[PDB]
Participant: 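Mind having a look at this structure? Questions to follow.
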Number of protein chains: 2
Amino acid sequence: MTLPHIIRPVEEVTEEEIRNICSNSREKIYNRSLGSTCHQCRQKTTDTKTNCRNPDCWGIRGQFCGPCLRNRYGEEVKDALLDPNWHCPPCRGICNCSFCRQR
Amino acid sequence: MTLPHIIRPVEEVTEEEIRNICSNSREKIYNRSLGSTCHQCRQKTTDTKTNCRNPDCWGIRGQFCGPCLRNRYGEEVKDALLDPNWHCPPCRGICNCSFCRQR
DNA sequence: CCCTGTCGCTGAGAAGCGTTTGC
DNA sequence: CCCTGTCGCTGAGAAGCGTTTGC
Ligand SMILES: [Mg+2]
Ligand SMILES: [Mg+2]
Ligand SMILES: [Mg+2]
Ligand SMILES: [Mg+2]
Ligand SMILES: [Mg+2]
Ligand SMILES: [Zn+2]
Ligand SMILES: [Zn+2]
Ligand SMILES: [Zn+2]
Ligand SMILES: [Zn+2]
Ligand SMILES: [Zn+2]
Ligand SMILES: [Zn+2]
């Protein structure tokens, strides 16, 4: 049931993705099929989300939406998309989501 | 892919299972379909194996064969089968298998 | 009134072939 | 010669709807 984690190279990042990076959490479009789930807010939406470049990462715990990465970690998804060494907060052990903060 | 853990009540234990409890690890019968995997020796065989009664347990980590439970923990599978409060060594945090001993 | 924001819950949390059997 | 025994490796290690959005 685990979704395979695929590292999208920075060269394959397209302008359409940056344009679709969410800037308002209430301006999201839900889609049970094409949407992606943000690890932080746990919403499956169609806005562009981060891609963890850590090979040891797995699943969707490396996927963060615009508002969540902006407000919970002070980082921009556009910068994370273009960063080839970017690691997700779960990989860095700094994730402050409701599940990761207790454990 | 996780096999559902089902608690078999002690009243439903049958004599055919005790007779099929393994007494020699080299006298096992491998079966990819009907066999069960012992958590300790990681062999999928048809001999009777333990059933963990802990509701919080999951998967097959509570399944131990005759020789493994006898030699690695000093307990008999027949006694474990008839014990309604029996917990697997992984549940007790005392498992000494090659994977559990390091972690 | 201002940096336009977030957690609960369920079900989830491997298994088994291969290279495997003591001093 | 005796209590008739065991580990490596791969792939595994959730996700997302619902009850969800700041002081
Ligand atoms: Mg699974
Ligand atoms: Mg569900
Ligand atoms: Mg379950
Ligand atoms: Mg395999
Ligand atoms: Mg894998
Ligand atoms: Zn989010
Ligand atoms: Zn990661
Ligand atoms: Zn987290
Ligand atoms: Zn065994
Ligand atoms: Zn157990
Ligand atoms: Zn173990």
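Throughout, a chain's letter reflects where its sequence line sits, starting with A, and its residues are numbered from 1. No hydrogens, no waters, no symmetry mates; every other heavy atom, side chains included, goes into these values.
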Participant: On a whole-Å scale, what distance lies between the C1' atoms belonging to C:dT20 and C:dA15?
Facilitator: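 Their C1' atoms lie roughly 16 Å apart.
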Participant: In whole Å, measure the gap between the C1' atoms of D:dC23 and D:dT19 for me.
Facilitator: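 About 23 Å, rounded to a whole number of Å.
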Participant: Check whether the six-membered base rings of D:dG11 and D:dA12 have centres under 5.5 Å apart and planes under 30 degrees, and report yes or no.
Facilitator: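 The answer, once centre distance and plane angle are checked, is that they stack.
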Participant: If you only use heavy atoms from C-beta on, which nucleotide in D:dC17, C:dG16, D:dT6 is closest to the side chain of A:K44?
Facilitator: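 Nearest to the side-chain atoms of A:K44, counting from C-beta on, is D:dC17.
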Participant: Indicate whether B:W58 forms a stack on C:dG13; treat it as stacked only if centroid distance is below 5.5 angstrom and interplanar angle below 30 degrees.
Facilitator: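 Here B:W58 meets both the 5.5 Å and the 30° conditions.
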Participant: Is B:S25 touching bases, backbone alone, or none of the nucleic acid, heavy atoms closer than 4.0 Å?
Facilitator: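 B:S25: base contact, heavy atoms under 4.0 Å.
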Participant: Could you tell me how far D:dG16 sits from C:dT6 if I compare only their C1' atoms? Round to whole Å.
Facilitator: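 Between the two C1' atoms, the distance is 15 Å.
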Participant: Within this structure, what is the CZ-to-P distance between A:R61 and D:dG16, rounded to whole angstrom?
Facilitator: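 Rounding to the nearest Å, CZ of A:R61 and P of D:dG16 are 16 Å apart.
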Participant: Where the side chain of B:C41 is concerned, which of C:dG16, D:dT6, C:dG8 is the nearest nucleotide?
Facilitator: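 The answer is D:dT6.
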Participant: Within the 4.0 Å heavy-atom criterion, would you say B:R72 contacts the bases, only the backbone, or no part of the nucleic acid?
Facilitator: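 Here B:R72 touches the backbone only, sparing every base.
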Participant: To the nearest angstrom, how far is B:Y30 atom OH from C:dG18 atom P?
Facilitator: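 Those two atoms, OH and P, are 11 Å apart.
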Participant: Work out the sugar pucker of C:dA14 as north or south, treating a positive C1'-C2'-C3'-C4' as north.
Facilitator: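 Taking the sign of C1'-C2'-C3'-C4' as the criterion, C:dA14 has a south sugar, on the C2'-endo side.
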Participant: Read from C1'-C2'-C3'-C4', is the pucker at D:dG11 north or south?
Facilitator: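 With a negative torsion about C1'-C2'-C3'-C4', the sugar belongs to the south class.
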Participant: Could you tell me the separation between the NE2 atom of B:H5 and the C1' atom of C:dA12, rounded to a whole number of Å?
Facilitator: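 Roughly 16 Å, once rounded to whole Å.
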Participant: With the side chain of B:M1 defined as its heavy atoms from C-beta on, choose the nearest nucleotide among C:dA15, D:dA12, C:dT21.
Facilitator: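 Closest nucleotide among those given: D:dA12.
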Participant: Please give, in whole Å, the distance from C:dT6 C1' to A:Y73 OH?
Facilitator: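 Result: 13 Å.
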Participant: Mind calculating the distance between CD (A:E27) and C1' (C:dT6) to the nearest angstrom?
Facilitator: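 Nearest whole value for this atom pair: 17 Å.
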Participant: D:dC3 P sits how many Å from B:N24 CG, rounded?
Facilitator: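 To the nearest whole Å, that distance equals 14 Å.
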Participant: Contact class for B:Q40 vs. all strands (heavy atom < 4.0 Å): base, sugar-phosphate, or nothing?
Facilitator: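 Result for B:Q40 = nothing.
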Participant: Does any N or O donor sit under 3.5 Å from an N or O acceptor when you compare the side chain of A:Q43 with the base of C:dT6?
Facilitator: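 Such a pair does not exist between side chain and base.
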